[PDB]
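The analysis underlying the following values was restricted to heavy atoms, covering all of them including side chains, and did not include hydrogens, waters or symmetry mates. Reminder, nothing fancy here: chain letters follow the sequence lines and each chain counts from 1.
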Amino acid sequence: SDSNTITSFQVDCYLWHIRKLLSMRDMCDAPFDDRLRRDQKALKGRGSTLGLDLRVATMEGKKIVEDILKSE
Amino acid sequence: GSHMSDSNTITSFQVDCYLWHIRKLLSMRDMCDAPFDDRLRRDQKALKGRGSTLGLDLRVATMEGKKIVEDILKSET
RNA sequence: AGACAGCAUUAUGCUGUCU
RNA sequence: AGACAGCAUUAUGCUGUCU
C-alpha cells in the first residue's frame with residue numbers, strides 16, 4: 001500500500017459524498033451530476049483495486065479533511 | 001441586459017471552487033498522489049474559464065462554496 | 001504481463017449555462 | 001449561431017497505485 005494513494009482515495013470518497021449531498025438536495029446543475037456519475041464508477045474501481053470499503057473510506061476521508069482544515 | 005445564471009449553476013461552481021481549495025490543501029501538505037495533483041491542475045484551469053463565462057471571481061465563489069458546504073454538512077442527518 | 005484510476009492531445013456524439 | 005465547462009465513445013502519448 002501507498003499512503004498518499006490511500007489518503008487521496010479516502011479524500012476523494014469524502015468529497016464525492018459532499019457533492020452527492022448537494023445533488024440530493026437538488027442544488028447542482030446537470031454537468032455537476034454528470035461528474036458525480038463518472039466519479040462514482042471510478043471510485044468503485046479504485047476501492048476494489050485497493051480492497052477498501054467505500055463507506056469506511058468515506059468516513060476516513062472526513063477525518064482527514066477536518067484535520068487539514070483545522071490546521072489552517 | 002445581463003443575467004446571472006440559474007441558482008444551481010452558480011451553486012455548483014461555488015461548491016467546486018471550495019472543494020478545489022480543500023484538494024489544494026491536501027496537495028500543499030504533500031498528502032496526495034500524482035493523479036490527484038493531475039486533476040488539481042486540470043480543474044484550476046477549468047474553474048478560471050467557468051468563472052470568466054459566469055462573470056464570477058473564483059476567489060469569491062470559493063468563500064460562498066465554504067458556506068454552502070457547511071450548511072449542507074450541518075443539515076446532514 | 002495483468003487490474004484499476006487519471007492527465008494530455010485527437011475524432012465523433014451529447015448535456016448544461018450564458019450571449 | 002457563438003463562448004465556456006463537462007459527460008460519453010475513439011485514437012495516440014504519458015503519469016500513478018496494486019498483483
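Under the rule for a side chain to side chain contact (heavy atoms under 4.5 Å, CB included), the partners of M4(B) that lie at least two apart in sequence or sit in another chain are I10(B), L56(B). When the salt bridge (charged side-chain N to carboxylate O under 4.0 Å, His left out) test is applied to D6(B), no partner is found at least two apart in sequence or on another chain.
For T9(B), the parts lying near chain A are the backbone and the side chain together; criterion is any non-hydrogen pair under 4.5 Å.
For residues 33-46 of chain A, a heavy-atom distance under 4.5 Å to chain B picks out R35(A), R38(A), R46(A), given by residue number.
Using cut-offs of 30° and 60° on the angle between ring planes, the pair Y14(A) and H17(A) is parallel.
Inter-residue side-chain proximity for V69(B) and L22(A) is flagged as unmet; no heavy-atom pair is nearer than 4.5 Å.
Between the side chain of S12(B) and the backbone N or O of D29(A), at least one donor-acceptor pair lies under 3.5 Å.
Distance check: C17(B) SG to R59(B) CZ gives 11.5 Å after rounding to the nearest 0.5 Å.
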